[PDB]
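Trainee: Below you'll find the structure I mean.
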Amino acid sequence: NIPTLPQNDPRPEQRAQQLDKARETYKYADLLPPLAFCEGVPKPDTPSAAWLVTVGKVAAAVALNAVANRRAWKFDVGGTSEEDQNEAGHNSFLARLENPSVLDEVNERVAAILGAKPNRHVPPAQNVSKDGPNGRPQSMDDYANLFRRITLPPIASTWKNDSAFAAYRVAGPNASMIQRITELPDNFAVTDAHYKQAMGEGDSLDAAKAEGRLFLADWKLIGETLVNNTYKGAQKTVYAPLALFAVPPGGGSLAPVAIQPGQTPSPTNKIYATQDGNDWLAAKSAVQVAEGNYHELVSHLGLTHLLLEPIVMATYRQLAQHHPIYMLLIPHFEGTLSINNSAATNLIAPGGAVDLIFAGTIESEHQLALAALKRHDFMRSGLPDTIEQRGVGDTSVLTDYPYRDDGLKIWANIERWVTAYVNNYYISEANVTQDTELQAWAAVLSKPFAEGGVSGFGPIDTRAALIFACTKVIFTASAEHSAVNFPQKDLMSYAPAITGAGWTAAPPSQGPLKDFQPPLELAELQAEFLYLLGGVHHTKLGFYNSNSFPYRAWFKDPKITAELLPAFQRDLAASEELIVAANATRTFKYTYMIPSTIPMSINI
Amino acid sequence: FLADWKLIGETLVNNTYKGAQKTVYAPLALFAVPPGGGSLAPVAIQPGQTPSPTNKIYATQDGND
Numbered sequence: 003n004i005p006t007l008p009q010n011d012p013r014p015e016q017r018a019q020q021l022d023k024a025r026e027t028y029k030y031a032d033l034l035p036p037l038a039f040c041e042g043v044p045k046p047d048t049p050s051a052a053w054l055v056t057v058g059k060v061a062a063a064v065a066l067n068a069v070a071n072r073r074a075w076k087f088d089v090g091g092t093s094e095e096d097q098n099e100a101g102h103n104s105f106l107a108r109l110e111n125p126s127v128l129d130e131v132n133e134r135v136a137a138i139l140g141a142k143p144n145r146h147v148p149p150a151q173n174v175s176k177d178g179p180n181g182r183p184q185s186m187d188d189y190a191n192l193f194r195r196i197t198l199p200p201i202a203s204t205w206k207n208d209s210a211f212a213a214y215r216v217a218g219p220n221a222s223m224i225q226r227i228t229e230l231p232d233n234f235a236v237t238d239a240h241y242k243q244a245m246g247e248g249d250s251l252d253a254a255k256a257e258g259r260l261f262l263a264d265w266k267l268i269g270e271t272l273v274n275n276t277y278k279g280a281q282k283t284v285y286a287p288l289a290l291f292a293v294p295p296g297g298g299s300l301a302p303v304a305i306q307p308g309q310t311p312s313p314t315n316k317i318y319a320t321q322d323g324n325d326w327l328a329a330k331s332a333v334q335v336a337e338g339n340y341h342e343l344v345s346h347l348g349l350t351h352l353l354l355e356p357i358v359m360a361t362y363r364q365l366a367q368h369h370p371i372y373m374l375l376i377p378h379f380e381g382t383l384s385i386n387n388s389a390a391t392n393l394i395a396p397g398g399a400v401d402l403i404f405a406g407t408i409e410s411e412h413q414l415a416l417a418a419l420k421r422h423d424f425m426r427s428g429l430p431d432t433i434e435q436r437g438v439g440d441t442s443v444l445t446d447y448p449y450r451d452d453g454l455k456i457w458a459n460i461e462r463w464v465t466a467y468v469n470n471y472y473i474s475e476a477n478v479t480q481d482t483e484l485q486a487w488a489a490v491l492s493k494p495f496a497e498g499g500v501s502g503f504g505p506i507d508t509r510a511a512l513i514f515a516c517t518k519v520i521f522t523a524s525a526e527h528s529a530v531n532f533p534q535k536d537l538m539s540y541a542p543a544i545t546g547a548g549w550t551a552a553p554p555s556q557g558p559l560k561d562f563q564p565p566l567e568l569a570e571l572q573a574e575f576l577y578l579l580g581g582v583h584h585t586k587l588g589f590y591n592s593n594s595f596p597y598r599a600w601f602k603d604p605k606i607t608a609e610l611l612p613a614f615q616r617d618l619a620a621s622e623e624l625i626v627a628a629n630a631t632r633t634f635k636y637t638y639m640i641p642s643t644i645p646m647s648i649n650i
Numbered sequence: 261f262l263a264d265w266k267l268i269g270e271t272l273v274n275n276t277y278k279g280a281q282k283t284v285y286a287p288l289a290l291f292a293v294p295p296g297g298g299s300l301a302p303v304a305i306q307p308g309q310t311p312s313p314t315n316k317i318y319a320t321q322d323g324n325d
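For the protein sequence lines, the chains are H and C, in the order given. FYI, in the deposited numbering the residues of the first sequence are 3 to 76, 87 to 111, 125 to 151, 173 to 650. Heads up: take any position in the second sequence, counting from 1, add 260, and you land on the deposited numbering.
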């Protein structure tokens with residue numbers, strides 16, 4: 003079959019009766035208010051067994067790490093050891109049928138890990175558990191020794207370097223943060239002395255601002271929304287820092303200069319420079335906790351999961367199955383409704399892993415996410431658009447920026463494919479205005495943010511506008527999601543490197559570095575839920591398949607199946623070679639824009 | 261072969277003749293001779309002792325500078 007715009011369909015009334023039944027399947031609920039959320043997970047959008055089987059293995063290693071950590075701390089833990097092996101035995105052969126344990130344990134185990142819930146031991150086998179790691183640490187080795195059956199991430203042996211602290215602002219969880227400045231802000235009056243400590247006596251602050259070599263990262267949003275909370279009495283802290291960066295003359299890698307932990311200068315809030323020893327390291331470790339809340343809530347669970355939640359709904363409800371755009375986006379939404387449901391009811395839920403490990407009150411964290419969703423401009427949020435918004439565009443100044451460099455080739459691949467897909471189906475700008483389904487699609491996403499609309503979405507009255515709204519949507523369900531979901535495992539699962547809470551009010555150092563760090567009960571949990579979220583690479587951008595057992599090709603129109611989509615897939619494999627060419631010549635590898643790794647959808 | 265006028269910087273104070281700023285630097289000039297020997301020939305000049313944004317190294321292909 004060949005897709006058809008609604009004003010071209012040979013069988014119109016049947017199409018409208020499919021849409022009347024889809025709107026009965028996809029109804030709105032306020033699972034998280036001010037937002038357009040789905041009422042549970044409709045049966046079609048259940049996770050596929052392939053997803054469950056893939057997730058079950060990672061979650062099985064997570065439970066074993068808990069049991070193996072329970073062996074070290076202080087026959088029971090040998091019994092729970094083989095039962096978790098038994099579920100892996102079920103997944104390897106019982107689920108090998110593909111044609125019981127899948128929807129049971131896998132979904133159940135994800136909830137206990139994401140919900141921070143205790144007794145993550147064995148499904149159907151039924173203070174803090176002082177038979178597992180808990181409380182304040184004896185030594186810094188205890189954090190590295192929580193990684194028994196899961197492998198310790200590499201950043202643990204490198205996070206203290208200043209070169210790695212800058213690698214997070216170009217190749218870390220939130221690599222969209224820095225913005226080029228021509229002057230300094232008034233709340234960050236750094237001196238030429240601090241600049242020379244970071245750059246040498248051969249460079250000048252006033253020259254870096256001239257040659258466009260300054261880059262500021264401002265967490266002002268963190269101070270406007272977050273309210274600290276006490277875990278089992280103990281206070282957790284988060285700041286609203288400003289951290290300057292620069293590049294050496296002639297263009298090179300990024301490097302830190304100064305850190306001001308707060309927004310306003312004061313005696314209790316002074317600039318810390320690169321030569322200040324343990325106070326400097328604290329300032330970075332403080333800045334990293336700000337990134338932990340900002341990335342998790344604004345960049346990852348804010349500007350991907352919940353930004354696409356209304357776009358997923360409007361597509362199922364205004365676009366028909368025989369509509370070609372529904373044929374383009376629905377596979378890029380595979381499982382999005384399910385993971386945002388397990389997110390809202392477990393993760394960002396009271397008593398969840400975000401409630402404990404992160405410094406804010408759980409309801410102040412929601413205000414943080416909703417604040418960025420409200421300030422977005424969907425029409426002006428393309429990657430090449432933001433790159434010149436932030437002045438980070440010059441590749442001869444800021445030469446090492448893997449997110450920008452690797453990410454723009456993937457964006458160019460998506461828009462090339464979205465263009466030929468739109469231009470093959472829309473042969474005139476009148477095809478856009480007469481697409482009554484697309485205008486209902488556009489009119490509902492164009493509602494103000496209070497109603498449930500995507501902020502700044504309008505107007506989609508042009509073939510060009512449809513191309514962008516489809517490129518952005520595909521990019522933020524695939525590349526942009528990989529660039530923020532998988533750094534969780536590789537860069538965020540080790541708490542001293544970065545975590546959600548500071549456990550001393552320490553931009554000024556006050557003693558041991560083991561007192562700033564989270565309790566071992568949470569540090570084991572932070573690792574276990576960030577290893578599970580960032581360690582599942584299921585479905586692959588460029589290959590449109592189904593979510594049912596055959597997993598047979600989704601596209602049916604021959605022009606796509608044998609001509610257009612094959613060209614798009616080659617465009618990725620060509621970009622994959624050039625990106626590995628860059629990754630070989632890079633010390634800090636960036637594997638999140640590699641096509642063979644990028645997922646089609648937001649599914650974890 | 262290096263010619264370094266460091267002593268100029270550690271002693272002299274720039275004055276003014278009828279208001280106009282007379283200036284003098286403490287340069288460093290690098291010279292080399294071709295392989296097998298020959299006459300001296302300039303390679304580069306750094307007009308100031310301490311390198312800085314204002315004090316750069318100038319080469320033979322830099323035209324009027």
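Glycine included, C-beta positions come from ideal geometry on N, C-alpha and C.
Residues in the region 290-324 of chain H with C-beta within 9 angstroms of chain C's C-beta atoms, listed in sequence order?
Mentor: Of all residues in the region 290-324 of chain H, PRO295 have a Cβ within less than 9 angstroms of some Cβ in chain C.
Trainee: Starting from the beta carbon of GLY248/H, find every residue of chain C whose beta carbon is closer than 7 angstroms, and list them in chain order.
Mentor: Neighbours of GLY248/H on chain C, chain order: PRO311 and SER312.
Trainee: Are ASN103/H and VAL135/H close, meaning C-beta to C-beta below 9 angstroms?
Mentor: Their beta carbons are not under 9 angstroms apart, which means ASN103/H does not touch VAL135/H by this criterion.
Trainee: Near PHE532/H, what residues of its chain come up, given a Cβ to Cβ distance below 7 angstroms and the 5 sequence neighbours on each side ignored?
Mentor: These residues qualify, in order along the chain: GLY580 and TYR638.
Trainee: Going by other Cβ atoms of all chains shown within 10 Å of its Cβ, with 16 needed for buried, is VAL284/H buried or exposed?
Mentor: Looking at its Cβ environment, which holds 16 or more other Cβ atoms inside 10 Å, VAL284/H is buried.
Trainee: Hey, quick one: how far does the alpha helix (DSSP H) through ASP22/H stretch, first residue to last?
Mentor: 14-27 is the extent of the alpha helix (DSSP H) around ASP22/H.
Trainee: Mapping DSSP to helix, strand and coil, what is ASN180/H?
Mentor: Coil.
Trainee: Compare the C-beta of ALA212/H against all C-beta atoms of chain C and say whether one is closer than 9 angstroms.
Mentor: Taking Cβ atoms only, chain C never reaches closer than 9 angstroms to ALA212/H, which makes this a no.
Trainee: Output, in chain order, the set of chain C residues within a Cβ distance shorter than 8 angstroms of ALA239/H.
Mentor: Within chain C, no residue comes near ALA239/H; the closest Cβ sits about 15 angstroms away, beyond 8 angstroms.
Trainee: Do the region 246-257 of chain H and the region 318-336 of chain H meet, that is, are 3 or more Cβ pairs less than 8 angstroms apart?
Mentor: The answer is no - the region 318-336 of chain H does not touch the region 246-257 of chain H, with fewer than three Cβ pairs under 8 angstroms.
Trainee: Is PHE39/H helix, strand or coil by DSSP?
Mentor: DSSP places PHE39/H in strand when its eight states are reduced to three.
Trainee: Measuring straight from C-alpha to C-alpha, what distance separates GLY546/H and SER501/H?
Mentor: The alpha-carbon atoms of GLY546/H and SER501/H are separated by roughly 28 angstroms.
Trainee: Three or more beta-carbon pairs under 8 angstroms between the region 387-400 of chain H and the region 521-537 of chain H, yes or no?
Mentor: Taking 8 angstroms as the limit for Cβ pairs, the verdict is that the region 521-537 of chain H does not touch the region 387-400 of chain H.
Trainee: Would the beta-carbon of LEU300/H fall within 9 angstroms of that of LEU262/H?
Mentor: Not closer than 9 angstroms, so no.
Trainee: Out of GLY548/H, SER592/H, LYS635/H and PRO645/H, state which residue places its alpha-carbon closest to the alpha-carbon of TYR277/H.
Mentor: Ranking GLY548/H, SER592/H, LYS635/H and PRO645/H by Cα distance to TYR277/H puts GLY548/H first.
Trainee: Using a Cβ-Cβ cutoff of less than 6 angstroms, which residues in the same chain neighbour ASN324/H once the five nearest sequence positions on both sides are dropped?
Mentor: So the list reads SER555, once near-sequence residues are dropped.
Trainee: Between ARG25/H, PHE87/H, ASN144/H and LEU192/H, which lies nearest to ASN71/H when the distance is taken from Cα to Cα?
Mentor: Checking every option, the nearest Cα to that of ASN71/H belongs to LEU192/H.
Trainee: With three or more C-beta pairs closer than 8 angstroms as the rule, is the region 428-442 of chain H touching the region 352-371 of chain H?
Mentor: With a cut-off of 8 angstroms, the region 428-442 of chain H and the region 352-371 of chain H do not count as touching, because too few Cβ pairs lie within range.
Trainee: Within 9 angstroms (strictly less), CB to CB, does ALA253/H reach chain C?
Mentor: Yes, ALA253/H counts as interfacial toward chain C.
Trainee: By Cβ distance, which residues of its chain are closer than 6 angstroms to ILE513/H, with the 5 residues on each side in sequence left out?
Mentor: The answer, listed in chain order, is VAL464, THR465 and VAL468.
Trainee: Is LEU349/H closer than 9 angstroms to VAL519/H when the C-beta atoms are compared?
Mentor: No. Outside cutoff.
Trainee: Beta-carbon separation of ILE201/H and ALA529/H under 9 angstroms?
Mentor: No.
Trainee: Mind checking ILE644/H: buried by the 16 CB within 10 Å criterion, or exposed?
Mentor: Burial call: buried.
Trainee: Using only the alpha-carbon positions, how far apart do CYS40/H and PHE495/H sit?
Mentor: The alpha-carbon atoms of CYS40/H and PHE495/H are separated by roughly 16 angstroms.
Trainee: Return the bridge partner residues of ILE305/H from the DSSP annotation.
Mentor: For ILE305/H, which the question treats as bridged, DSSP gives the partners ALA289/H and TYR318/H.
Trainee: Provide the residue span of the alpha helix (DSSP H) that contains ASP451/H, from first to last.
Mentor: Element bounds for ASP451/H: 448-471.
Trainee: Tell me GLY406/H's beta-bridge partners as DSSP assigns them.
Mentor: According to DSSP, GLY406/H bridges with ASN274/H.
Trainee: Would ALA213/H count as contacting chain B if we go by Cβ distances under 9 angstroms?
Mentor: Although the question refers to chain B, the structure presented lacks it and instead comprises the protein chains H and C.
Trainee: Thinking C-beta only, is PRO35/H closer than 9 angstroms to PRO307/H?
Mentor: No; because the gap between Cβ atoms is not below 9 angstroms, this pair is not in contact.
Trainee: Just to confirm my understanding: we take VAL358/H, look at its own chain, exclude 5 residues before and 5 after, and list those with CB closer than 7 angstroms. What are they?
Mentor: Hits under 7 angstroms: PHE379, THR382 and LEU383.
Trainee: Can you tell me which residues form a DSSP beta bridge with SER312/H?
Mentor: Partner(s): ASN315/H.
Trainee: In the DSSP output, which residue or residues are listed as bridge partners for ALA217/H?
Mentor: Beta-bridge pairing links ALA217/H to no other residue.
Trainee: Would you kindly work out how many angstroms separate the C-alpha atoms of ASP561/H and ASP322/C, rounded to a whole number?
Mentor: Their Cα atoms are separated by approximately 58 angstroms.
Trainee: Skipping 5 residues on each side, what residues in its chain have a beta carbon closer than 6 angstroms to that of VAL174/H?
Mentor: Contacts found: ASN180 and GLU567.
Trainee: Is it a yes or a no for the region 607-616 of chain H touching the region 415-430 of chain H, going by three-plus beta-carbon pairs under 8 angstroms?
Mentor: Verdict: no, contact absent.
Trainee: Of all the options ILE196/H, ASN111/H and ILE4/H, which has the alpha carbon lying nearest to the alpha carbon of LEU576/H?
Mentor: Per the Cα distances, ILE196/H.
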